[PDB]
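Asker: 3D model of this:
(2 chains)
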Amino acid sequence: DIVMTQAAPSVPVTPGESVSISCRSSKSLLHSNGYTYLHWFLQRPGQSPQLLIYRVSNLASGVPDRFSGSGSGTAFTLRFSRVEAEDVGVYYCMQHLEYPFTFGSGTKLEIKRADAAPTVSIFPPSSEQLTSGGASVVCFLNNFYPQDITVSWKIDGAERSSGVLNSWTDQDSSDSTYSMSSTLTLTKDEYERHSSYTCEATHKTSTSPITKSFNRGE
Amino acid sequence: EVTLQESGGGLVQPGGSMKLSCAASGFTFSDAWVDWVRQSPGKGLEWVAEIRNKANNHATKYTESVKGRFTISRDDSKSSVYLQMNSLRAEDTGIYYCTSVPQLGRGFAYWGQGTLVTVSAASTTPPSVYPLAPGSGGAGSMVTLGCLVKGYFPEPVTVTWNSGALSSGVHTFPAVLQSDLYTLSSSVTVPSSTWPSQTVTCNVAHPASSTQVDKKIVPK
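Answerer: Numbers count the residues shown, from 1 in each chain, chains lettered A, B, ... in the order given. Take a look:
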C-alpha cells in the first residue's frame, strides 16, 4: 500500500495571510500515461469531503481562486494565497494511482484570532428530569479562544471527576471561536445529598478560574 | 445539479448484513466509475471499493479487509450503486460515502452526504429531551438557553431551534457515548429582548426510533 504522509496534524494561520500544507507519498505517484495522480480534499466540520485539486494542480469547479497546488513524484504542496476564517476544516491529500487508494491523515487548518474569554452558563437539573429520577447539571463554556480550556466540577467544595461527560465543537467558521459542553451526571438521590454545584473553568484569558454555581436549595 | 445520495445505513447487528444504496443524478453516470469511501476515528478516510462502468466491464476492486464480505454492484438503468455488506464487524462502523469518478479525469469529483453505519447488538432507544433555562434574571444583553438530549441510540439525532428560525447563535455539540447510550447538548444564545418574551423551542428528531419532540424553554 502506498503511504500518504501529512506530517503536520494542524497549522495555525491568520486570516489574510498565505499558507501552505505539505504531503508526501511513499512512492512516486507518476503513472505510465504521464499523469500524476495526487488529489487534495477539504472536509469542513460535520460535512462530507469535497474535491479541491485533482492531479496536483488543477482546481475543481467551484473551488475558490485562492487555492493552488504544486509538486512532483513524492512531495506535494497545497497553498492558500489569502486564508479566510471560513477555511476551517481538515485538508487531505490522496493517491489515486494504485489500489487500494489511500489518504493522508489530514492537516487541520486552525484560524488564529484575538483571545476571547468563555461565556460560562450553568444549568440546574430540569424539573422534568428530576421527576424521572435523573439529575444532570450542565455547563456551557461558549465562544472562547484559544481552544484549550479546563473544567472542574465541585459539589460542596469537593471536586468530582466520575460521571462527567465532555464535548467540544470544532472551530467556528464565522468567528473562529471554540465552545465546550460539560455535563455532570448524578442520580436524583445523589443530587439531593448536597447543596452547592460549581462549574469551574480555567482558560488562558483569566488568571483565576471562571466560576459559575447555584444552590440545590434555591 | 450534480448529486449523490446514500441511503440504507443505520444500526446493524455484528455478523449481520446491510445494503447501502447510492442514487446518482446530474452527471453522465454511465461514463463514471463509482467508489465507496468510509470514515472512522481510527483510520480517517478509508477507501472501500470501486465498480467501473459498462465500457470497462463493470469490474470491481475491494480493499483487503472487506474482500469476500462486501459486494459492490450497480444498476445503470437506475443510475445507482450499492454496497452489500455481510459479516459486519465493529471495525466497519463509520460514515460511508458514495463518490463518483467521471472518466474525463477528475479524481473523486462528487461525494454524497454520507450515511452512518453503526455495528452493534445494542437496541434502538429514543431520547429524553430536557430544556435548560437560566436560574437568575437575565441582565445580561444576551441569554444562553439549552436542551439536553439524553439516553438515545444509535446516532444521529437532529436538533433545531424554533424549527430553524434560530441558527446563528446555536452550538449543537458532538454526542457523548456513555453506557451504550448517547447524551448530547445543544445551546442557543439570543438577545435578552428575545427570550422569555418570545417562545424558544428546541426541536429534536431521532430518525432511528421515529421520535420527534418539541420542548419549550421556560424560565424557572
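Asker: all contacts plus neighbour counts: C-alpha atoms, from now on.
Answerer: Noted.
Asker: name the residues of chain A found near chain B, please.
Answerer: Residues of chain A lying close to chain B (Cα under 8 Å from any Cα of the partner chain) are A:39, A:47-51, A:54-55, A:60, A:96, A:99-103, A:105, A:121-126, A:128-129, A:140, A:165-169, A:179-181, A:214.
Asker: one more time with 7 Å
Answerer: With Cα under 7 Å from any Cα of the partner chain as the criterion, chain A meets chain B at residues A:39, A:47-51, A:54, A:100-103, A:105, A:123, A:126, A:128-129, A:165, A:167-169, A:181.
Asker: quick check: domain ranges of chain A?
Answerer: What the record gives for chain A is the domain set A:1-113, A:114-210, from curated CATH domains.
Asker: centre of the chain to the shortest one, how far?
Answerer: What it means is domain A:114-210. 18 Å (Cα atoms, centre = their mean, to the nearest Å).
Asker: contacts only, for residue A:136.
Answerer: A:125, A:183-186 (Cα atoms under 7 Å, 6 or more residues apart in numbering or on different chains).
Asker: can you redo the residues you listed as JSON lines with distance to residue B:14 and secondary structure?
Answerer: Shown next, in JSON lines, are these (distance: Cα to Cα, whole Å; DSSP: H, G, I helix; E, B strand; the rest coil):
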{"residue": "A:125", "distance to residue B:14": "36", "secondary structure": "coil"}
{"residue": "A:183", "distance to residue B:14": "31", "secondary structure": "strand"}
{"residue": "A:184", "distance to residue B:14": "32", "secondary structure": "strand"}
{"residue": "A:185", "distance to residue B:14": "30", "secondary structure": "strand"}
{"residue": "A:186", "distance to residue B:14": "32", "secondary structure": "strand"}
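Asker: would you format those residues as JSON lines with neighbour count included?
Answerer: Compiled in JSON lines, these are given as follows (neighbours: other Cα atoms under 10 Å in any protein chain shown):
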{"residue": "A:125", "neighbour count": "24"}
{"residue": "A:183", "neighbour count": "24"}
{"residue": "A:184", "neighbour count": "21"}
{"residue": "A:185", "neighbour count": "18"}
{"residue": "A:186", "neighbour count": "18"}
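Asker: which residue ranges form the helices in chain A?
Answerer: Assigned by DSSP state H, the helices in chain A fall at A:127-131, A:188-191.
Asker: for those, give me a markdown table that also has distance to residue B:120 and mean neighbour count.
Answerer: Converted to a markdown table, these look like this (distance: least, Cα to Cα, whole Å; neighbours: other Cα atoms under 10 Å in any protein chain shown):
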| stretch | distance to residue B:120 | mean neighbour count |
| --- | --- | --- |
| helix A:127-131 | 28 | 14 |
| helix A:188-191 | 30 | 15 |
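Asker: quick one: name the residues of chain B near chain A.
Answerer: So far as Cα under 7 Å from any Cα goes, chain B lies against chain A at B:44-47, B:63, B:106-109, B:111, B:113-114, B:130-135, B:173-174, B:176, B:185.
Asker: okay, now stretch A:31-51: how far is its last residue from its first?
Answerer: For stretch A:31-51, the first and last residues are 20 Å from each other (Cα to Cα, to the nearest Å).
Asker: residues in contact with that stretch: which ones?
Answerer: With Cα under 7 Å, 6+ apart, stretch A:31-51 has contacts from A:29-30, A:52-56, A:60, A:88-97, A:170, B:107-109, B:111, B:113-114.
Asker: and if you look at stretch A:204-218?
Answerer: Counting contacts by Cα under 7 Å, 6+ apart, the residues touching stretch A:204-218 from outside are A:115-117, A:120-122, A:195-202.
Asker: hmm, 8 Å instead?
Answerer: A:115-117, A:120-122, A:124, A:146, A:149, A:192, A:194-203, B:135 (Cα atoms under 8 Å, 6 or more residues apart in numbering or on different chains).
Asker: in that stretch, what counts as buried?
Answerer: A:204-205, A:209-211, A:213-214 (16 or more other Cα atoms under 10 Å in any protein chain shown).
Asker: start and end of it, how far apart?
Answerer: 32 Å.
Asker: can you tell me the SS state at residue B:30?
Answerer: helix (DSSP: H, G, I helix; E, B strand; the rest coil).
Asker: who are the contact partners of the closest residue to it other than its chain neighbours?
Answerer: Excluding its sequence neighbours, the residue lying closest to residue B:30 (Cα to Cα, 6 or more residues apart in numbering or on different chains) is residue B:53, at 6.1 Å. The contact partners of residue B:53, by Cα under 8 Å, 6+ apart, come to B:30-33, B:59.
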